[PDB]
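Trainee: So the protein sequences, as listed, match chains A, C and B. Going by the entry's author numbering, the first residue of the first sequence is number 209, and it counts up by one from there. Going by the entry's author numbering, the first residue of the second sequence is number 209, and it counts up by one from there. Going by the entry's author numbering, the first residue of the third sequence is number 209, and it counts up by one from there.
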Amino acid sequence: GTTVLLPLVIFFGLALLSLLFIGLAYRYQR
Amino acid sequence: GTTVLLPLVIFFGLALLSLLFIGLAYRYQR
Amino acid sequence: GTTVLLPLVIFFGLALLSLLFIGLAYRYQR
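1. Tell me, please, whether the CB atom of residue 230 of chain C is closer than 8 Å to any CB atom in chain B?
2. How many whole angstroms separate the CB atoms of residue 221 of chain A and residue 222 of chain B, which I take to be in contact at a CB cut-off of 8 Å?
3. Which chain B residues sit within Cβ distance under 8 Å of residue 220 of chain C?
4. Could you round the C-beta distance between residue 218 of chain A and residue 218 of chain B to whole angstroms and report it? I think they count as a contact, below 8 Å.
5. State yes or no: is the beta carbon of residue 213 of chain C nearer than 8 Å to at least one beta carbon in chain A?
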């Protein structure tokens with residue numbers, strides 16, 4: 209019951225990927 | 209049908225990770 | 209249910225990002 213948090217955390221984890229993607233460009237541009 | 213697009217876009221991000229992981233293996237391992 | 213595997217595979221991708229996250233701290237540590 210009240211398993212509304214389960215989907216939210218999965219989507220929230222995706223946020224880390226976004227930050228990691230931005231950092232990738234930084235490494236290629238000093 | 210209800211907010212079906214929300215989970216679809218989250219899964220899409222998952223595919224992007226595959227590109228980021230595959231690209232790392234090539235650079236860190238010919 | 210019917211699509212129990214669908215969310216499981218999406219979560220499975222998140223596990224890989226966990227290892228990548230470890231490398232981020234190392235680079236920012238030294």
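Each residue gets a CB set at the ideal place from its N, CA and C atoms; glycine is no exception.
Mentor: Taking the structure as given:
1. no
2. 5 Å
3. Near residue 220 of chain C there are no residues of chain B at all, since even the closest Cβ is about 10 Å away, more than 8 Å.
4. 6 Å
5. no
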